[PDB]
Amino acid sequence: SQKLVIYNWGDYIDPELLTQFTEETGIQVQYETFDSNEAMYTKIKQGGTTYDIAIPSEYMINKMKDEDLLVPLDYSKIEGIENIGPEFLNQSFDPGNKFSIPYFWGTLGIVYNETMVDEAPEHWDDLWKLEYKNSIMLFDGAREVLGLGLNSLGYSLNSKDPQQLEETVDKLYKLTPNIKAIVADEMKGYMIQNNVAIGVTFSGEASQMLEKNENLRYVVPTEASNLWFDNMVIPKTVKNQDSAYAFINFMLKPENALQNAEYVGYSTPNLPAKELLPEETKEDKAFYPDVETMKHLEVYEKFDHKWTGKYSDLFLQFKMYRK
């Protein structure tokens, strides 16, 4: 009775891959979904539910490894780690990939309606252009908004320099004539229905919007942006360790990573898989940006209570000025 309990985001695997996995290995899959970071964390932390594989965001890997909730991966049981691009490994949230392996990755950027703008935006500063009066929706998050302001000034999105942060808030005030609203998930409706020209959001969200409206495009500012990852981990409540490693190995096979990327539509970290994608997909710099753009990306740093609070307060200052 070999089995595997997987805990993943909803709509985040090609279901046919689960069927292939079971047929090929004999391992049955008990599939469980979550749809927010917080819901996942609560069920893992509670400790009473067995999960063998989970697919957390980089933010949650930072949080869970510090609470000793993840099993350090046994690389002697892992096959195909060489298939993951070096640019996706040894990141700040999991140095040495002690606990995790990339599943999908992406960026923060700009989704725009080609028919509603003249020249396409290309850099964070383009959002400040006079032509974009009441035309932009911003992702509702302090790190995202303060980060793009920082980047627009040539500063790191992880800055802990008070003067840099003061300059960033002053710069964001000048963007207010162009901001229609600050929203999170609901941004997609406004873009899909052609109700707003530009939105700042993440590449997975953008990918989903683009599927529903042929006039939308996505760009990652080449100068700097945010890098995100969803990753495979083995929670400490694991009961089927052999099965967990089998699944990791299955998902590292380029043909499986390829099929998954085609189904979900997000950027694969599997380099051999990328080479086998359709030309139009592989060559799209919206989702497979160039080497220099990659080099300029930064993962969000885990801030202590002080700096989390400082960024939160600064974003509230910005929201006050929008009133």
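One-based numbering along the sequence shown.
- The PDB entry reports B-factors from which the mean C-alpha value can be compared for 189 to 197 and 77 to 85; the larger average falls on 189 to 197.
- In this entry, 153 to 161 shows the higher mean Cα temperature factor of the pair 153 to 161 and 247 to 255.
- By the numbers in the PDB entry, the CA B factor is greatest at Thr115 among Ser207, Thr222, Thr115, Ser100.
- In the PDB entry, the Cα temperature factor peaks, among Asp52, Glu275, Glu32, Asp290, at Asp290.
- Placement of the Cα temperature factor of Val145 within the chain: lowest third of the modelled residues, per the deposited record.
- When the modelled residues of the chain are ordered by C-alpha B-factor, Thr268 sits in the lowest third.
- Among all modelled residues in this chain, the alpha-carbon of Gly106 has a temperature factor (C-alpha) in the lowest third.
- When all modelled residues of the chain are sorted by CA temperature factor, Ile6 is found within the lowest third.
- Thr22: CA B factor lies in the middle third for its chain, per the PDB record.
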